[PDB]
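One chain comes next, on its own, written out as structure tokens in the form deposited without the named molecule.
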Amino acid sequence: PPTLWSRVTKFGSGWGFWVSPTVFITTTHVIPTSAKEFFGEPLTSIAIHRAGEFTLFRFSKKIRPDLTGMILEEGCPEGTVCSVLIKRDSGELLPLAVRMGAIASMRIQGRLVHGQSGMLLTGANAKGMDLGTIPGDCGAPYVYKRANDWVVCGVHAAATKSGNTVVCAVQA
């Protein structure tokens, strides 16, 4: 039975997430700007829905038929604790707890990013240990469990140099 982790896939300059056999979500800035296909499908066959730093792809055929469809929502209630599902090219999997806040336009290393704010709950400074995000992590999904149901609520768009603050881009 396929884990959540099998849905996290290397893509462009970062990552994305399979919501169902036909639906893939990612951060807009990691998508190649020169392409004629993705995952073997011509771009003519792909519906692309862009909303700021959130992009959804809907494929005309089943790319990941091994998966069931899961619930995608437009962010989550303020105060929800989500996990960001970070994969690294070493083969490490780094699920990190994040407390989610308001939807806002936030100044992150001198640039405006719009999405749902969050604060990492892994403590003082990750630097040294596997406790924080890095630039190559963009497009990792934000997920949480709600009774028996898993929910995905957005994708990793930005983080401060400091480490504490992240932005989860969300569906419009």
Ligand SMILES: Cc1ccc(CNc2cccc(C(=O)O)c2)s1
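If you superpose the two forms and keep the largest set of C-alpha atoms that fall within 1.5 Å, you have the rigid core. Residues carry their position along the shown sequence, with the first being 1.
Quick note: we don't show the form solved in complex with the named molecule, though the next part is all about it.
No atom of the named molecule, overlaid from where it sits in the deposited bound form, falls within 2.4 angstroms of a backbone or C-beta atom of the displayed form, which makes the pocket open. Residue contact check for residue 133: one or more of its heavy atoms lie within 4.5 Å of the named molecule in the deposited bound form. Using a 4.5 angstroms threshold between heavy atoms, residue 153 stays clear of the named molecule in the deposited bound form. For the chain shown alone, residue 109 is a contact residue for the named molecule in the deposited bound form, at least one non-hydrogen atom being within 4.5 angstroms.
Residues 156, 157, 158, 159, 160, 161 of 152-167 are found to place at least one heavy atom within 4.5 Å of the named molecule in the deposited bound form. For the residue set 68, 105, 125, 44, core-aligned C-alpha shifts between this form and the one not shown reach 2 angstroms or more at a single site, 125.
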